[PDB]
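Shown here is one chain on its own, the form deposited in one PDB entry, set out as structure tokens.
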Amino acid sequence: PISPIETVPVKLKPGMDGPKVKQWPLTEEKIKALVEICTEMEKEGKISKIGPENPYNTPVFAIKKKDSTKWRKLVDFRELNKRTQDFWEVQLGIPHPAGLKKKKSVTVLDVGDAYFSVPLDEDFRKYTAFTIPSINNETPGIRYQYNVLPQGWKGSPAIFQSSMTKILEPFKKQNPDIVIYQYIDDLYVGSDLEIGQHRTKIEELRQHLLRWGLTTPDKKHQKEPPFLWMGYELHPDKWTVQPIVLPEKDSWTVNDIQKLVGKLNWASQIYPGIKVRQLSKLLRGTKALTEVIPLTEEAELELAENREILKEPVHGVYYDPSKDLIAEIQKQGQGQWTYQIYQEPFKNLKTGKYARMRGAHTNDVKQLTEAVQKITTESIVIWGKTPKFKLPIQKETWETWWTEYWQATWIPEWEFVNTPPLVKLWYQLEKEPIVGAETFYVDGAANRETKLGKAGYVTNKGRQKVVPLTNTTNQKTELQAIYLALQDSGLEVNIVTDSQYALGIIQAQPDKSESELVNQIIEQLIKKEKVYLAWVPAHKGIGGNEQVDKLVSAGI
């Protein structure tokens, strides 16, 4: 029942007052259950009937579907959670099974009516006040308010995590080898004792809790291999995710989308790529949990996509600190990369895929890097240590990339994996000019007002050219110009621009891009044999530059 544990002081947001929203009448059969559900709740002191002095209220509803054969009382705290002070969500994420080590005996406890056990600050109670409507409208409102932590209120999770840490603090200090883990209302207890001596230890825990109000029901995972903890299955030697099943429906309400959004975020921790962005925007656009909302195209596409993701079966082996951590990375879809972290070959701990925007333009190696950087941080958050790295790329390749690249970068310890899609550099832009090669003194321009402007060179050989361009930026024509000088040119060239913009996009030796033109400029650059891009200041009497402008420039 109600824990006689020390309650936390909770404040509202600075300046905001409590929630005073209006209750909307349900049905005479719904309403009667809501009262009966509330007379059972007032019987257990979870709640307390109030009066004509309390100026606050919160919307009460009744969900039609009975989960575990229970048609309960859903409350809408949406307003209160806005007025309810912030809290602090202590951790850096959810735990992950590959963190765990093999513990002989294991036991997972379920905290029954957990939130309902721990109590709420007697002051903040006037705020959680609600009201069950009346059947005979000749009779008034059945006003309540909570005494315990509500089920959807903002703080409840935060607080209860605290209430439980303090109650398990004693018990944790007395048997420093038995590991106890905590998340929502699932208690993981596991150690290296044998069944008897260990179950005594569980009994002792169950009792320690009971003395404090928390009640672990008989639904105890008494040592039988499939332990269900946090949407996973802890087997004797491996773990497997319990399959996530999203609801299929055509008529979604404010509430129903909400639950799913949650389930999605939950699922998003275990699996990647799962978005919630569009579905989310449906909740900002309308009120009242009952009223229906039609999905959009983006939102309905999302659902089919996550559900797609949520299809691939996930699993792994437990952690062994005696051994090294190895993480192997591979290339895939011209921007797709896969990695697997393991200790014993073929025995996977974590398996995933990294794919991300290396900027507007990108490089291949400069992609592997970020892949590495992201694996390290994930490892450090799971095993507190950096994994030894196996990278598909010759040693002197990386060497020749950081010796050149103006930006400082680094990859921790890594060994060479001789495997197919090897990452490497496609084209070495020369350092000094080539003797003999044709000297293309390029330029280009446009008009912001018309979107039309010129683009072409003026070689040393006397050659010339130009082209008229429609719907181009004063800049893209400058990139274009380099395109030309490259095509109409031998296996060796000495281009020369006035564009800082392009000088850079080229300098960074890109491999792919979002810009078609650039993409084209790449392919050519590879094709060629001895390129040389140089730079010289515009609007000055330099060289051929001085003359190529006139042809490309507007009114002179």
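Sequential numbering from 1, following the sequence displayed.
What comes next is about the form solved in complex with a small molecule, which does not appear here.
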Which of 300-308, 121-129, 285-293, 174-182 lies within 4.5 Å of the small molecule in the deposited complex, heavy atoms considered? The stretch 174-182
Check all three, 101, 236 and 318, heavy atom within 4.5 Å of the small molecule in the deposited complex: yes
Picking from 486, 279, 189, 80, the single residue whose non-hydrogen atoms come within 4.5 angstroms of the small molecule in the deposited complex is 189
Answer key: of 229, 144, 441, 337, within 4.5 Å of the small molecule in the deposited complex (heavy atoms) is 229
Checklist entry - Any of the heavy atoms of residue 437 lying within 4.5 Å of the small molecule in the deposited complex? => result no
- Query: Would residue 108 sit within 4.5 Å of the small molecule in the deposited complex, counting heavy atoms only?
  - Reply: yes
